[PDB]
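Here's the structure we're looking at; comments come further down.
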Amino acid sequence: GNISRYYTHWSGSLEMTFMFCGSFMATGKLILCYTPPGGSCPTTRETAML
Amino acid sequence: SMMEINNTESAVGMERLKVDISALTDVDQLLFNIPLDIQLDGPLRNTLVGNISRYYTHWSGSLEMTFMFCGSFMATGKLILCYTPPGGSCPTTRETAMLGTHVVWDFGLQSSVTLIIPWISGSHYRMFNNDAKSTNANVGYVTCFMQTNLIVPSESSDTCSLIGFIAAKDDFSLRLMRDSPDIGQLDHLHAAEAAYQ
Amino acid sequence: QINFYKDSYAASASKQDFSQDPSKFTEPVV
Amino acid sequence: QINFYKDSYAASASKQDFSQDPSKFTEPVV
Amino acid sequence: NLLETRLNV
Amino acid sequence: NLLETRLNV
Amino acid sequence: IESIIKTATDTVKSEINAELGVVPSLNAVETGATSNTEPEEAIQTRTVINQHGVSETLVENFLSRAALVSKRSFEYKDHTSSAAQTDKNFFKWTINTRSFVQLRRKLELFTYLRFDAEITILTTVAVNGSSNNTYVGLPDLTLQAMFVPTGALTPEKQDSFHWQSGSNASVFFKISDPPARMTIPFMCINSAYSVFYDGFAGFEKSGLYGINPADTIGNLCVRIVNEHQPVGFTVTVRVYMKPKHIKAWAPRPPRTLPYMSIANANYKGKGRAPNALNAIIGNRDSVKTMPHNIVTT
Amino acid sequence: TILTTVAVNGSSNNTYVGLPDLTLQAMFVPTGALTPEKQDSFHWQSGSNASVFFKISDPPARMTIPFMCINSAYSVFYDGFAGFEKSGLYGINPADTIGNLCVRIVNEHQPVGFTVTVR
Amino acid sequence: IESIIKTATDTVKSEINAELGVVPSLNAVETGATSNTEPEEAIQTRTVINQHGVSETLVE
Amino acid sequence: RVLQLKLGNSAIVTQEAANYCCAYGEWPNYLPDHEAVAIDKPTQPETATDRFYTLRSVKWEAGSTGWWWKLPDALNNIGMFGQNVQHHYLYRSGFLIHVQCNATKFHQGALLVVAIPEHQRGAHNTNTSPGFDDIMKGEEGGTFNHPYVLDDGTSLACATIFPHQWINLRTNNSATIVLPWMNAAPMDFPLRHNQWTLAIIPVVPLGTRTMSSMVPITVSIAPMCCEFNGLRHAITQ
Amino acid sequence: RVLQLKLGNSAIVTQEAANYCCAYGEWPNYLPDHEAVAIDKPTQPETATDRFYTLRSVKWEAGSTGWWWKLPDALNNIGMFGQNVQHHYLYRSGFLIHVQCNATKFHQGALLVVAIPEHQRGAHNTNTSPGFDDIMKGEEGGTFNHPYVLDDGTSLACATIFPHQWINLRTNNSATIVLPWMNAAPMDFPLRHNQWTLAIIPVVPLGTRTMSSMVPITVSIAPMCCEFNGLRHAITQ
Ligand SMILES: *[C@@H]1O[C@H](CO[C@@H]2O[C@@H](C)[C@@H](O)[C@@H](O)[C@@H]2O)[C@@H](O[C@@H]2O[C@H](CO)[C@@H](O[C@@H]3O[C@H](CO[C@H]4O[C@H](CO)[C@@H](O)[C@H](O)[C@@H]4O)[C@@H](O)[C@H](O[C@H]4O[C@H](CO)[C@@H](O)[C@H](O)[C@@H]4O)[C@@H]3O)[C@H](O)[C@H]2NC(C)=O)[C@H](O)[C@H]1NC(C)=O
Ligand SMILES: *[C@@H]1O[C@H](CO[C@@H]2O[C@@H](C)[C@@H](O)[C@@H](O)[C@@H]2O)[C@@H](O[C@@H]2O[C@H](CO)[C@@H](O[C@@H]3O[C@H](CO[C@H]4O[C@H](CO)[C@@H](O)[C@H](O)[C@@H]4O)[C@@H](O)[C@H](O[C@H]4O[C@H](CO)[C@@H](O)[C@H](O)[C@@H]4O)[C@@H]3O)[C@H](O)[C@H]2NC(C)=O)[C@H](O)[C@H]1NC(C)=O
Ligand code: NA
Ligand code: NA
Ligand code: NA
Ligand code: NA
């Protein structure tokens, strides 16, 4: 973010990485979605998973 | 060239160029010390190395000090000459000063001895600020002590003299030229108008 | 280095003589 | 590129070193 | 000044 | 003047 | 023995010594030679490869810098009522290196010098500030500088027929130009200039000591070429000299006491140290006092 | 690169009059060394210091200063005290200070005042 | 490992994956290394020849 | 995951590591003859100085902001390393840093462990620079005032540009970092400049619902390739 | 007759020596692997410890009996040698000893300078053994009670069987002796056993009819090939 704001045009892929910081005995599953542009941000799992 | 070690209020003209020594009744005593900062005013300033260095701003390399004994042939003694790298106060006792770089000198048929001041610096060059206590400028200290005593017979002079000399070695270098602080004027000189007549 | 003048004394400075002999001042003895 | 000065530090900018190694910041592990 | 000497007045 | 002739007036 | 030197000398690693008949730290100052003791002989050293250059202390670099040698101010006006001593729209100057102390001390480090001289002339103007005058703008005047040999005839007035310059070199320049520039060759009757001269340059006993006219380069005669305007101005001319193509012989003890005169080496010194006649270095309380001693707390 | 501009002083005694083409001197002086005390000082003789002389009607003045540090690089940040005693400022190393510029107008003053700005 | 880089990197075509013992989208942030997961390992890609220059971000 | 470190008369074992970090991909070494400046033969003590020293432990509390130590300052009075520092004008070394913290499978929390080169601190809400006693803490170290801006007006979020590891209590119980010499000069005066700052910051706070116990954090540091020049009488801080 | 000695950052010159003595014809060295006992890697400080240290000078008086110092005891609190001694269980070294005394061509006198291995002292006119404070003098050294029997019931006349030189004031102004490691074991605990004793004894007393001056005697000692084993926390005497 900081380096890109010295420039005006950009291109290429990004990566997001997440770390879980609960206890060893904690369990769960999550779904992470990226939605290409065109309308409103999705509010439901069955919309976002497309 | 000669160091002005005796830069004191009571020493007049040529007297400033020699150090007098005499017999002592206590062991291990301090004789004199010399500040080493070759940019500043002090015993080193009016020398061939001092005068040329003050046209520049940065310097590097080793120095040598040489001392000549000028007592009678019948006079005897031993001295210790020490160089202390920087970090704190100048040493006041022989058992402190002997932990640094040093030479022990015996008076004899050879009249003179050399102390090398080796280049020991964190940076490639030292730098002429107008601040003697800077980590980029300070060189440390030279000190002289009795190793034995000055011992002479009754027909010799009871007081004898040293002349001290300094020069650079061929590892020495200078850079960043400037107007010298050793000369200046507030007016035109006498007869300067005659060049326009 | 650019010099179109006819007299050689017109030229720019000469900064390339690295020769030395300190011994004529430091060791003038037999 | 035009430079008639005698000291090399007088020259124009140097825009031609394309060498990289991201791994000294992205992968500093055994 | 402080940029030449690192001392405050 | 003295620089041209080395005589004083 | 002569050799080519481009960097400071390297250091070699060294070991313990204990050896009868060998004493490299002892010397004989009475011979007049400098001590030949090396660092490797005085202490244990490491190996060091030294890349420090030595070119900024070359004699050509040390002396070849443009330095101020003359500054003259005069009034540009109708001079009909001026006194006999006034510079009436022109002046004479004899070229010398004796008048401004930074160049004088540097040249006096040597006994003999051979060089060509590059001359640069800078001009500035201002409106005369007496209470009759408002500001009006500044004129772009033409000036003439004529070279005249040492002791030869010079112009007597601004409009003299001597300014026709039939064999003398003249340079004409405007205030709106870059500064004027030209080179004067090494002109001495000898193979080098004498910086110091221990003699009397005449067959009779009567004249000045220590000045040899063979070392005086020449004269510049300078005028404004324009006629006077209805209002007065003050014009200032500055001359700079740069030595080039230099050879130098027999180095000397530097000047310590202030200069008194352009004509001689006469001396007096400051009233108190430093640079007083009886004390060159500033005082300390005793030979045991360390003047900038570090205090730790 | 050094850029200079001028304007007539705007106090109620003054009309506009045009602008002078002044000469300026900029002298390089090393960190902590002696600097001039007045406009007409004998220190401006510049016998070994570099000086540049330039006019307001010229293009801006330009020159290059070399990498001058006593170390192999400048320190942008410095976690220390650059003196053997405990007393001075944190975080400033004078070895990273390049030097001084000393700047004057070379002309004598005119009968009327002006304001000069140097960038 | 040092190399000469004048343009942004190309993309290679990729297929379906289903493979035991292999999980290129999982990482260990605690080591202090940045994630090495590539686009070809996360989605099906096409081939792309990338001609975008990198000279305007040179330190000089 | 499993590691043993052995220097001089000292050894450390861990059963829950996460590889280890070599700062900028570089390893400690002695000063070569083509980079050297001081001409005296150096002191090289080997196993007398190049060994693990362990500092006082600190307690991880619910309200903790984080902790810091400056090098070489934190070691300048410890063992034969401290004695060689006090008798010489010049010093040079690398370091190997090992940070230790354990808890149960029912605890949670995460520490950033980071080595910062030339960490020049700022003061909060004043024009006056930090004093000598704000900076020179010795063996005890200090605490962060505003860890979110690293006490220098920058940010914690971008601190991952420096050499670092994490301790995440469900994953690992230790962090290890190897540091080369890092300075503009080949050697330095050890009593006035610090090359590196170790910082430990609790980005996710300690938590559990099991039995309460005191949870310490412990730091062990080994100098590597030590050299000293300019021998004289002793000076302390 | 002329000699220069150079170790670490220290040098000594003399213009009036009388050769020098190597004890039993042997020179100092490090402990080889076929003679070693302790298995830890040793500390070898080189130029930090292997350099000249100078002690307090003593005055030569008309009634003087002579002077002595014990090694390593006289150096156990000096510089980086003293710091390495305080932090390690085991020590080993040789020594180079230089003794200095000058006077005029009108003075007369002679000193025996002798190095005694295992100089176990006796007390005079009692059955009780010497106490800890009779033996352990440190840097100041001691004086002889009965130099004619070496304070041990033997004799001064036969002391020439040990490594020695003389200072005879008409001939020379210095004496020099080189000492190897001399013990039944390869290393020792430095705070409880002394390998060597330096003794200086005025066999012909100082005399002149010229002007009276104070005539000091000065001792400089350099450790050689120092090694230390069994690193831990500091213990002093
Ligand atoms: C370099 O040194 C500077 C001088 O330091 C002082 O003088 C030397 C000789 C020693 O005695 C030293 O110990 C002194 O500190 C130093 O500048 C000084 O910096 C301080 C701290 O920032 C300034 O204090 C603040 O002052 C204002 C009030 O300012 C007015 O009054 C002063 C005279 O008292 C005038 O000089 C000013 O022009 C103003 O008219 C306070 O409001 C402020 O905070 C207080 O009030 C707030 C609420 O508003 C509270 O929250 C705070 O707790 C405070 O109670 C500070 O007290 C000090 O004014 C300033 N002095 C001068 C003469 O400039 C400088 O910082 C040093 N430089 C560096 C780089 O370190
Ligand atoms: C081992 O320790 C032995 C015991 O030491 C004493 O007891 C211990 C528990 C501590 O309190 C300790 O501090 C004590 O010293 C030690 O034996 C002792 O050694 C001393 C010194 O040689 C003896 O002193 C001499 O004693 C005689 C007198 O002897 C008669 O009286 C005693 C009782 O007081 C009886 O035990 C004897 O049998 C005799 O009947 C003195 O004449 C002599 O000299 C004094 O007189 C002369 C002139 O004649 C003067 O010039 C002197 O200055 C003196 O004033 C001593 O004072 C002591 O008797 C002896 N005690 C015993 C019980 O044996 C032993 O030496 C130690 N061993 C070693 C190897 O060190
Ligand atoms: Na300075
Ligand atoms: Na070289
Ligand atoms: Na002279
Ligand atoms: Na590409």
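No Cβ is skipped: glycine too gets one built from the backbone with ideal geometry, and neighbour counts run over all protein chains shown. Every number in this text was worked out from the coordinates using simple rules, so none of it is lab data.
Listed here are the residues, each with its yes/no results for (1) crowded, with 16+ Cβ neighbours inside 10 Å; (2) assigned to a strand (DSSP E or B).
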site	(1), (2)
G:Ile246	yes, yes
G:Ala250	no, yes
G:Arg255	yes, no
G:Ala263	yes, no
G:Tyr267	no, no
G:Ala273	yes, no
G:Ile281	yes, no
G:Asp285	no, no
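For region G:193-207, does any single residue satisfy the condition of being touching a residue at least 60 places away in the same chain (Cβ under 8 Å), surrounded by fewer than 18 Cβ atoms within 10 Å (Cβ to Cβ) and of a type in the set (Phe, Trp, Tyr)?
Let us first name the residues in region G:193-207 that are touching a residue at least 60 places away in the same chain (Cβ under 8 Å), namely G:193-196.
Of the ones still in play, those that are also surrounded by fewer than 18 Cβ atoms within 10 Å (Cβ to Cβ) are G:194, G:196.
From the residues that got through so far, the ones that are of a type in the set (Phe, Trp, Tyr) too are G:196.
Taking every residue of region G:193-207 in turn, at least one turns out to be touching a residue at least 60 places away in the same chain (Cβ under 8 Å), surrounded by fewer than 18 Cβ atoms within 10 Å (Cβ to Cβ) and of a type in the set (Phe, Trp, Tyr).
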- prompt: Do the conditions hold for H:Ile92, that is, is it assigned to a loop (DSSP other than H, G, I, E, B), buried (at least 18 other Cβ atoms within 10 Å of the Cβ) and in contact with a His (Cβ under 8 Å, 6 or more places away or on another chain)?
  reply: no
task: Could you grab me the full set of residues in region D:1-29 that are of a type in the set (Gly, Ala, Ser), in a loop (DSSP other than H, G, I, E, B) and closer than 18 Å to I:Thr9 by Cβ?
output: none
query: How many residues are part of a strand (DSSP E or B), out of contact with any helix residue (DSSP H, G or I) (no Cβ under 9 Å at 6 or more places or on another chain), within 21 Å of H:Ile98 (Cα to Cα) and not β-branched (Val, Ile, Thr) if we restrict to region H:4-50?
result: 2
field: Conditions (1) within 17 Å of B:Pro118 (Cα to Cα); (2) buried (at least 21 other Cβ atoms within 10 Å of the Cβ): number failed by B:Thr66
entry: (2)
message: When the residues of region G:20-52 are narrowed to those that are of a type in the set (D, E, K, R) and either at the interface with another protein chain (Cβ under 7 Å from one of its Cβ atoms) or within 16 Å of ligand 2 (Cβ to nearest atom) (or both), which ends up surrounded by the most Cβ atoms within 10 Å (Cβ to Cβ)?
response: G:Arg46
message: Quick test for you: out of K:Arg170, K:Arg209, pick the one residue that is in contact with a strand residue (DSSP E or B) (Cβ under 8 Å, 6 or more places away or on another chain) and loosely packed, with under 12 Cβ neighbours inside 10 Å.
response: K:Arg170
- request: Output the residue which, of all residues in region K:51-74 that are within 14 Å of chain J (Cβ to nearest Cβ) and not in a loop (DSSP other than H, G, I, E, B), is surrounded by the most Cβ atoms within 10 Å (Cβ to Cβ).
  value: K:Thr54
query: When residues of region B:1-39 are filtered for being within 8 Å of another protein chain (Cβ to nearest Cβ) and within 17 Å of B:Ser180 (Cβ to Cβ), how many remain?
result: 1
- request: Please indicate, with yes or no, whether at least one residue in region G:71-80 is farther than 30 Å from H:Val106 by Cβ and more than 7 Å from every other protein chain (Cβ to nearest Cβ).
  value: yes
query: If you check K:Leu111, K:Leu96, which single one turns out to be surrounded by 15 or more Cβ atoms within 10 Å (Cβ to Cβ), more than 18 Å from K:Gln195 (Cβ to Cβ), more than 16 Å from ligand 1 (Cβ to nearest atom) and more than 14 Å from chain J (Cβ to nearest Cβ)?
result: K:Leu111
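Which residues, taken from region H:51-70, are of a type outside the set (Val, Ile, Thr) and over 20 Å from H:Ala95 (Cα atoms)? Full working, then the answer.
Of all residues in region H:51-70, those of a type outside the set (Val, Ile, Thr) come to H:51, H:53-55, H:57-63, H:66-69.
Matches in region H:51-70: H:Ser51, H:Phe53, H:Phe54, H:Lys55, H:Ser57, H:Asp58, H:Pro59, H:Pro60, H:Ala61, H:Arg62, H:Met63.
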- request: Could you identify the single residue in K:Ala38, K:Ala23, K:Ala48 that is farther than 21 Å from B:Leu115 by Cβ, surrounded by fewer than 22 Cβ atoms within 10 Å (Cβ to Cβ), within 12 Å of chain J (Cβ to nearest Cβ) and in contact with a strand residue (DSSP E or B) (Cβ under 6 Å, 6 or more places away or on another chain)?
  value: K:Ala38
- prompt: Out of all the residues in region I:6-42, which are farther than 22 Å from A:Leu32 by Cα, more than 16 Å from ligand 6 (Cβ to nearest atom) and of a type in the set (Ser, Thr, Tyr)?
  reply: I:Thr31
statement: Listed by first then second residue, the pairs whose first member lies in region I:3-16 and is closer than 27 Å to I:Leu58 by Cα, whose partner is basic (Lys, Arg) and within 16 Å of ligand 4 (Cβ to nearest atom), with beta carbons under 7 Å and at least 6 positions apart or on separate chains, are none
task: Look through B:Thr143, B:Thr148 and report the one residue that is in contact (Cβ under 8 Å) with a residue 60 or more places away in the chain, touching a strand residue (DSSP E or B) at 6+ places or on another chain (Cβ under 6 Å), more than 16 Å from ligand 5 (Cβ to nearest atom) and in a loop (DSSP other than H, G, I, E, B).
output: B:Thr148
query: Looking at G:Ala126, G:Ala117, which one is of a type in the set (A, V, I, L, M), within 24 Å of H:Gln45 (Cα to Cα) and touching an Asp or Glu at 6+ places or on another chain (Cβ under 8 Å)?
result: G:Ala126
- request: Write out, first by first residue and then by second, each pair whose Cβ atoms fall under 8 Å of each other, whose residues are 6+ apart or on separate chains, and whose first residue, in region K:33-53, is on the phi < 0 side of the Ramachandran plot while the second is among the hydrophobic types (A, V, I, L, M, F, W, C) and assigned to a loop (DSSP other than H, G, I, E, B).
  value: K:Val37/K:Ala185; K:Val37/K:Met187; K:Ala38/K:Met187; K:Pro42/K:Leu31; K:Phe52/B:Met98; K:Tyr53/B:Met98; K:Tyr53/B:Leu99; K:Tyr53/K:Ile78
field: Top-ranked residue of region K:99-108 - restricted to ones that are at the interface with chain B (Cβ under 9 Å from one of its Cβ atoms) and more than 21 Å from the chain's Cα centre (by Cα), ranked as surrounded by the most Cβ atoms within 10 Å (Cβ to Cβ)
entry: K:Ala103
query: Do you know which of the residues in region G:230-264 that are more than 12 Å from chain B (Cβ to nearest Cβ) and among the small types (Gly, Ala, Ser) is farthest from ligand 1 (Cβ to nearest atom)?
result: G:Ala250
task: Those residues that are over 17 Å from G:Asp116 (Cβ atoms) and of a type in the set (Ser, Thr, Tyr), I need them from chain C; list them, please.
output: C:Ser19, C:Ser23, C:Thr26
task: Return the only residue of G:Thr97, G:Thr80 being assigned to a loop (DSSP other than H, G, I, E, B), within 17 Å of G:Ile217 (Cβ to Cβ) and away from ligand 6 (no atom under 16 Å from the Cβ).
output: G:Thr97
statement: Taking region B:97-112 and keeping only residues that are within 7 Å of chain K (Cβ to nearest Cβ) and in a strand (DSSP E or B), one is left with B:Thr101, B:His102, B:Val103, B:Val104, B:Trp105, B:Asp106
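Report those strands (runs of 3 or more DSSP E) wholly inside region K:78-192 carrying at least 2 residues which are within 24 Å of J:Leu231 (Cβ to Cβ).
Because the criterion is at least 2 residues that are within 24 Å of J:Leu231 (Cβ to Cβ), the strands (runs of 3 or more DSSP E) in region K:78-192 that meet it are K:88-100, K:174-179.
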message: Quick check on region J:216-226. Is at least one of its residues within 11 Å of another protein chain (Cβ to nearest Cβ) and either within 27 Å of I:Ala28 (Cα to Cα) or in contact (Cβ under 8 Å) with a residue 40 or more places away in the chain (or both)?
response: yes
message: Out of everything in region H:86-119 that is among the aliphatic types (A, V, I, L, M) and within 18 Å of the chain's Cα centre (by Cα), what residue ends up being nearest to G:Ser73 (Cα to Cα)?
response: H:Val106
